[PDB]
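**Student:** First the structure, then my questions, so here it is.
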Amino acid sequence: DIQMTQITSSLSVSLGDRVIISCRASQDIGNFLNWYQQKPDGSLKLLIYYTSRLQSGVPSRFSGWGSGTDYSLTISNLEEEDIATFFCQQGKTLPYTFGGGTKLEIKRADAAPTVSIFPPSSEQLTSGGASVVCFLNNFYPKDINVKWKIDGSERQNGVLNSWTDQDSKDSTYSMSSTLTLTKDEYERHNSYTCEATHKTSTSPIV
Amino acid sequence: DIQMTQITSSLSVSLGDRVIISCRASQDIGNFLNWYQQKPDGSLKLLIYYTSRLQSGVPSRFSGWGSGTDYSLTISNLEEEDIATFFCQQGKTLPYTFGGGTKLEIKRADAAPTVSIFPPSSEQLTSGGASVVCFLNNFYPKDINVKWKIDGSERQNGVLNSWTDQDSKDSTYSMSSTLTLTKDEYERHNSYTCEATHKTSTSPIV
Amino acid sequence: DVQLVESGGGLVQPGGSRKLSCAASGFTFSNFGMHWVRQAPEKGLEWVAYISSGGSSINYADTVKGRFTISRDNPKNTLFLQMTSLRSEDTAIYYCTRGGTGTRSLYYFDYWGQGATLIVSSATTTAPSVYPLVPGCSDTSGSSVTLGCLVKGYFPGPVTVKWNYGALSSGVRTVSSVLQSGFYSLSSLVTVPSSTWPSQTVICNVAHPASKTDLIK
Amino acid sequence: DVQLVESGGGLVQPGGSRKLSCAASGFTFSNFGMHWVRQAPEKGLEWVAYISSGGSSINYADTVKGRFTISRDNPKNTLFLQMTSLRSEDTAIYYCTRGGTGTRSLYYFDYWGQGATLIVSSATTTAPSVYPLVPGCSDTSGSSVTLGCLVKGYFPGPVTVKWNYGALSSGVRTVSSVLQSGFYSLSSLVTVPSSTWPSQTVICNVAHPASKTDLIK
């Protein structure tokens, strides 16, 4: 199976810039490389084929190169409407195969989490549970770290987390840590602290 | 073979006027001569036959006389849907031969024209290439000398020119001089000048 | 212009079969050969099966041959993939996709349809449980308060939170989902400033595909 | 009444062949000799093949004899021209034409059909680049702006550009193709009353019948 490798999966890329995106073959493909572009929803679009053919209407700031095993896609003036993640594949040897994809994202000037902690509704707790949410909103960069203490320790066991994806309007993401607890050790306790680090500071944010 | 000769191709006549049209053959073709009409859109028809036979429905303006080596299409009250190219051919011998044709214009009121000059596009130059378009819209005479100056000088080679055929609703003609440059020779000069000399003015459209 | 439409999706208990079908509209079907590509989660975009332009080569991948089947149908213009012995490892988004016809033994996929998703599992359809994310009154940062609905326990996808149109600030942020135990859970928060709320009731509207509506705030 | 339409055209690679077929209709086919006339350009018409009603006579041009063969298939019916050994000069719009049955033995074509034109050339096909022509904004000499598109680079032609069926000015002026260096190029311009654009969007829509439709501007 040639393994196909796209090294570097995330690229804050700004706007008006060339992105080079690179791809490399286990075996030598015969410059049979092609680039598909997938966006937010479904969308795979094809983009360029035979290491270099732009398909019809792909608008010409997109360009690719590659020869031997090693290849890369280049965008000339990154535009806000090219922000999608990108895959490179081999149309040379069964199974034809795929770069795993580079998501690409928008840089922006930093910022910090507007935290909120939230305790069990009544509903929940009735049912047996206790889930506490802590939601650190609008920020950049993606990376915001988050912790949970019960009554003076870290809770490791139990948390769960997900981020928003990046926001349209202003590129800032959001994220929710949640300790799911039963109502019995919710009753074992008194303070719950969600506490967070984040490129924009130095105090934890709690 | 016989050689039909139509000298006259473009010939511009006002609406209203007699149009006599002239065909000439190399041998005494013998009144075996015929007249066909070519529309702005494919469309061929027989107009007149056996040197003088009207085809049916053919309208009376239409009249031809000719003999031995010389014959002619006379339209007598030029109507508008009567503008078109007209050929003839002897239908005398093998191989049958046609006269090349007469484009027949709406001679009109002169008009000075309107120059537009668009810089090479975003995309083209990202293509690597540059075509600078200079558009001269609507005029009358067809004749229009153009000229381009890159920082003031002539550009001589680098220019394609073309015209449309009289606008259908106003008899006016327009021009597209493209100058094509290399993203590279492009970026070297600033001024791009497109500059028109035109019968309706005594100074140069720039 | 050129359309591939999928239609076979479902949530299948391991073991069975299925037939994905595909619909070509847009061009002379018969002149191209088709392919199937699957996007399995976290793992990649895998290419699964190929049928030649009209019929010459039906052409399989090591990971489905023997279960998968590529049926064409030119006159009627639909491409099929019949599956059998379905494993969990097949749960995925399946893309019908066109061939290329561009150059040199190259296999590319000039056109792709919507995706047509397929979960292979066992687990069984649970409704989502909406819960309020309420703070008390005011409470965020300023004079704007963030709220939330936790929707917890469903299986399969999509479950939806719809919140309120009426932006004069109204940002809903829905954290995307994660599996825990076999069920999914997720949250959508939105922020109303100060006046509004507790002054007039906000609400979450929760729908899950397998037909339930929950409603709250 | 008296409809002749042709049917075999194409871009054909040099050396090869096509056979053109003509559906006759509106009179009794048998009673008339047919003839084929062509129009390749910069030049004009060129007579090219003829066959009596019924078949006793064929008379061909010096120009294509040895290579071409006329055929008549009468019942209501059809006419043919089967070409081969196509010297590129043979590129043109071939027309299909009835005789006259008029007078004295003269050669005169009574009624024409439209043609299937034949591109003798290897150039391979290229669909084209639509490049958008723009101002900085607002201008003609003042108000009105003439937006333009540059579609440059194709073969074989046509290409058709369409714009904005939007009376606001909306004269669209396409210039002609100038084929240069193989490929052919052309521009399409329109003046829009500047109250519009970029107030409200415009789109040049370019479709070149050997399948791409590109969109832009």
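Naming scheme: A, B, ... for chains in displayed order of the structure tokens; residues 1 onward per chain; ligands 1 onward as shown.
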Using the chain letters and numbers from this document, which residues of range 14-209 of chain C does DSSP assign to helix (DSSP H, G or I), as a PyMOL selection string?

**Tutor:** chain C and resi 29-31+53-55+74-76+88-90

**Student:** Keeping only N, CA, C and O atoms, write the selected residues to a file as a PDB file, in the first residue's frame.

**Tutor:**
ATOM      1  N   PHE C  29     -23.235   9.091 -18.040  1.00  0.00           N
ATOM      2  CA  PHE C  29     -22.850   8.123 -17.008  1.00  0.00           C
ATOM      3  C   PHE C  29     -21.891   7.146 -17.642  1.00  0.00           C
ATOM      4  O   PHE C  29     -20.680   7.142 -17.461  1.00  0.00           O
ATOM      5  N   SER C  30     -22.485   6.393 -18.549  1.00  0.00           N
ATOM      6  CA  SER C  30     -21.755   5.363 -19.235  1.00  0.00           C
ATOM      7  C   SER C  30     -20.409   5.899 -19.634  1.00  0.00           C
ATOM      8  O   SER C  30     -19.584   5.076 -20.017  1.00  0.00           O
ATOM      9  N   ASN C  31     -20.030   7.156 -19.701  1.00  0.00           N
ATOM     10  CA  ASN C  31     -18.689   7.147 -20.201  1.00  0.00           C
ATOM     11  C   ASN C  31     -17.672   7.062 -19.096  1.00  0.00           C
ATOM     12  O   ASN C  31     -16.468   7.007 -19.387  1.00  0.00           O
ATOM     13  N   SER C  53     -15.593   1.928 -16.402  1.00  0.00           N
ATOM     14  CA  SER C  53     -16.586   2.661 -17.191  1.00  0.00           C
ATOM     15  C   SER C  53     -17.588   1.567 -17.668  1.00  0.00           C
ATOM     16  O   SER C  53     -17.133   0.404 -17.772  1.00  0.00           O
ATOM     17  N   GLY C  54     -18.888   1.683 -17.964  1.00  0.00           N
ATOM     18  CA  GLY C  54     -19.542   0.394 -18.292  1.00  0.00           C
ATOM     19  C   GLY C  54     -19.040  -1.082 -17.873  1.00  0.00           C
ATOM     20  O   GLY C  54     -18.911  -2.010 -18.698  1.00  0.00           O
ATOM     21  N   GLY C  55     -18.645  -1.632 -16.730  1.00  0.00           N
ATOM     22  CA  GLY C  55     -18.606  -3.092 -16.762  1.00  0.00           C
ATOM     23  C   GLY C  55     -17.282  -3.794 -16.963  1.00  0.00           C
ATOM     24  O   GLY C  55     -17.048  -4.835 -16.348  1.00  0.00           O
ATOM     25  N   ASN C  74     -25.889   1.074 -15.999  1.00  0.00           N
ATOM     26  CA  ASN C  74     -25.995   2.194 -16.877  1.00  0.00           C
ATOM     27  C   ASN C  74     -27.390   2.569 -17.232  1.00  0.00           C
ATOM     28  O   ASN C  74     -27.693   3.655 -16.747  1.00  0.00           O
ATOM     29  N   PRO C  75     -28.251   1.872 -18.072  1.00  0.00           N
ATOM     30  CA  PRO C  75     -29.556   2.364 -18.535  1.00  0.00           C
ATOM     31  C   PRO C  75     -30.230   3.129 -17.450  1.00  0.00           C
ATOM     32  O   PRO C  75     -30.614   4.249 -17.718  1.00  0.00           O
ATOM     33  N   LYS C  76     -30.352   2.573 -16.260  1.00  0.00           N
ATOM     34  CA  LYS C  76     -31.011   3.343 -15.245  1.00  0.00           C
ATOM     35  C   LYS C  76     -30.131   4.366 -14.474  1.00  0.00           C
ATOM     36  O   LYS C  76     -30.623   5.062 -13.567  1.00  0.00           O
ATOM     37  N   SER C  88     -18.116  -3.714  12.622  1.00  0.00           N
ATOM     38  CA  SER C  88     -18.247  -2.388  13.203  1.00  0.00           C
ATOM     39  C   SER C  88     -17.401  -1.351  12.461  1.00  0.00           C
ATOM     40  O   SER C  88     -17.855  -0.243  12.149  1.00  0.00           O
ATOM     41  N   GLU C  89     -16.185  -1.847  12.129  1.00  0.00           N
ATOM     42  CA  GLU C  89     -15.075  -1.176  11.421  1.00  0.00           C
ATOM     43  C   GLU C  89     -15.421  -0.577  10.076  1.00  0.00           C
ATOM     44  O   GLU C  89     -14.490  -0.135   9.404  1.00  0.00           O
ATOM     45  N   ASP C  90     -16.715  -0.630   9.710  1.00  0.00           N
ATOM     46  CA  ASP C  90     -17.240  -0.129   8.445  1.00  0.00           C
ATOM     47  C   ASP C  90     -18.152   1.076   8.667  1.00  0.00           C
ATOM     48  O   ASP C  90     -18.657   1.805   7.822  1.00  0.00           O
TER      49      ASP C  90
END

**Student:** Dump as JSON, numbers by chain the residues of chain B that approach chain D to within 6 Å, counting only C-alpha atoms.

**Tutor:** {"B": [44, 91, 92, 95, 96, 100, 118, 163, 164]}

**Student:** Taking the DSSP secondary structure from the backbone, can you list the residues of range 4-128 of chain A that are strand (DSSP E), as a ChimeraX atom specification?

**Tutor:** /A:4-5,12-13,20-25,33-38,45-49,53-54,62-67,70-75,85-90,105-106,117-118

**Student:** Could you name the residues that touch residue 96 in chain C at 10 Å or less, counting only C-alpha atoms, but leaving out those on the same chain fewer than 5 positions away, as number ranges by chain?

**Tutor:** C: 4-7, 20-24, 34-38, 50, 79-81, 109, 111-116

**Student:** Of the candidates B:29, B:104, B:125, B:130, which shows the shortest atom-to-atom distance to chain A, using only C-alpha atoms?

**Tutor:**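 Selected residue with least distance to chain A: B:125.
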
**Student:** Please report as JSON, numbers by chain which residues of chain C come no farther than 12 Å from chain D, using only C-alpha atoms.

**Tutor:** {"C": [1, 2, 26, 27, 28, 102]}

**Student:** Output N, CA, C and O atoms of each residue in that selection to a file, as a compact mmCIF listing (two decimals), in the first residue's frame.

**Tutor:**
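Saved as part_9.txt:
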# COMPACT_ATOMS: atom_id res chain seq x y z
N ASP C 1 -24.85 21.36 -12.03
CA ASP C 1 -23.92 20.83 -12.99
C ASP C 1 -23.38 19.46 -12.42
O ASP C 1 -23.31 19.40 -11.19
N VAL C 2 -23.04 18.37 -13.19
CA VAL C 2 -22.65 17.03 -12.72
C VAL C 2 -23.06 16.42 -11.35
O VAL C 2 -22.25 16.28 -10.44
N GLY C 26 -26.09 14.48 -14.87
CA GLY C 26 -25.10 15.48 -15.07
C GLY C 26 -24.30 15.24 -16.32
O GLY C 26 -23.71 16.20 -16.82
N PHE C 27 -24.31 14.03 -16.86
CA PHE C 27 -23.40 13.77 -17.96
C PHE C 27 -23.58 12.33 -18.48
O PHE C 27 -24.37 11.50 -18.02
N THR C 28 -22.93 11.92 -19.52
CA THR C 28 -23.06 10.53 -19.88
C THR C 28 -22.38 9.47 -19.00
O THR C 28 -21.24 8.98 -19.20
N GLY C 102 -8.84 11.94 -17.23
CA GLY C 102 -7.95 13.06 -17.54
C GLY C 102 -6.64 12.50 -18.12
O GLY C 102 -6.40 12.64 -19.33

**Student:** Specify as number ranges by chain all residues of chain B found within 8 Å of chain A, counting only C-alpha atoms.

**Tutor:** B: 123-124, 126-127

**Student:** Find the residues around residue 204 in chain D up to 6 Å (only C-alpha atoms counted), leave out those fewer than 3 positions away in its own chain, and share them as a count of residues only.

**Tutor:** 4

**Student:** Please compute the CA of residue 148 in chain A-CA of residue 179 in chain A distance, one decimal, in Å.

**Tutor:**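 Rounded to one decimal, the two atoms are 7.7 Å apart.
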
**Student:** For residue 85 in chain B, which residue out of B:54, B:112, B:150, B:11 is the nearest one, using only C-alpha atoms?

**Tutor:** B:11

**Student:** Do you know which residues are at most 10 Å from residue 157 in chain C counting only C-alpha atoms, after dropping those on the same chain fewer than 5 positions away, and could you put them as a PyMOL selection string?

**Tutor:** chain C and resi 11+119+125+177+183-184+208-210

**Student:** Mind checking which residues fall within 12 Å of residue 204 in chain A, counting only C-alpha atoms, ignoring those fewer than 3 positions away in the same chain, and posting them as a list in words?

**Tutor:**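 My reading of the contact set: residues 112, 113, 115, 136, 144, 145, 146, 147, 148, 193, 194, 195, 196, 197, 198, 199, 200 and 201 of chain A.
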